[PDB]
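# Residue-level structural notes
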Amino acid sequence: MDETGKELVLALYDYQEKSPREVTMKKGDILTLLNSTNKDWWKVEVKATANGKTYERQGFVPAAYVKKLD
């Protein structure tokens, strides 16, 4: 698994993606931080299981609900 070993953020409040170019999280969840160039939204990589395979996808999350564990 080469999708966990750089940065991660903790999810304070649950979320609910609305677009295909976005992700979601749950209270007490952890997402691998990818980019934080912004101050309102952060780019994290989530995981998903389909067709009997595990793959990760990129998305954006509210920095107001999530906080890096740096």
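About the thresholds
- Residues numbered from 1 in each chain as written, not as in the entry; some residues may be left out.
- Heavy atoms only, no water.
- Helix = DSSP H or I, 4+ residues; strand = E, 2+ residues; numbered from the N terminus.
- Buried < 20%, exposed > 50% of the residue type's maximum accessible area, 1.4 Å probe, protein only.
- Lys, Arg positive; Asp, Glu negative; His and termini not counted.
- Salt bridge = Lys/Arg side-chain N within 4 Å of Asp/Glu carboxyl O.
- Contact = heavy atoms within 4.5 Å.
- Pairing = 2+ DSSP bridges.
- Axes fitted to C-alpha atoms, helices over the stretch in contact; angles between N-to-C directions.
- Patch = residues over 30% accessible without salt bridge, like charges linked within 9 Å, V, L, I, M, F, W, Y side chains within 5 Å.
- Areas by Shrake-Rupley, 256 points an atom, 1.4 Å probe, with all protein chains shown as cover.

## Quick word on the side chain of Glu-45
In this fold, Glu-45 is placed in strand β3 (residues 41-50). One buried charge, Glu-45, has no salt-bridge partner; the nearest side chain with opposite charge is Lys-6, at 5.1 Å. Non-local contacts of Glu-45, meaning those with residues more than four positions away in its chain, are made with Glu-3, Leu-31, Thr-32, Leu-34, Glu-56, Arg-57 and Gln-58.

## Points about the sheet that holds strand β5 (residues 66-68)
Strands in a sheet are paired, the pairing made by backbone hydrogen bonds, and the direction either parallel or antiparallel. Taken together, 5 strands build an open sheet; the order of strands is β4-β3-β2-β1-β5 and the sheet is antiparallel. The two strands at the open ends of the sheet, each matched to only one other strand, are β4 (53-62) and β5. Within the sheet, the average angular offset between the axes of one strand and its neighbour, ignoring direction, is 40 degrees. Pairing of strand β2 (residues 30-35) with β3, which is carried by 3 bridges, proceeds in the antiparallel orientation. Bridging across to β3, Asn-35 finds its partner in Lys-43.

## Focus on the pairing of β2
Both strand β1 (residues 8-11) and β2 contribute to a ladder of 3 bridges, which runs antiparallel. Directly across from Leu-8, in β2, lies its bridge partner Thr-32. Between β2 and β3, which pair antiparallel one after the other, the connecting turn spans 5 residues.

## Considering a nonpolar patch on the surface
Residues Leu-10, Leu-12, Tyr-13, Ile-30, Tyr-65 and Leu-69 make up a contiguous nonpolar surface patch of about 560 Å² in total accessible area. With respect to the helices and strands, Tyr-13 occurs in the loop between β1 and β2.

## Notes on the pattern of salt bridges
If you walk through the whole model with that rule in mind, you get 1 salt bridge. The salt bridge partner of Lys-18 is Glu-22, with a shortest N-O separation of 3.9 Å.

## Here we look at the environment of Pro-62
As for its placement among the helices and strands, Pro-62 is situated in strand β4. As for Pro-62 and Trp-41, which are separated by 21 residues in sequence, their C-alpha atoms are 4.7 Å apart. Apart from residues lying up to four places away in sequence, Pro-62 is in contact with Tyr-15, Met-25, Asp-40 and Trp-41.

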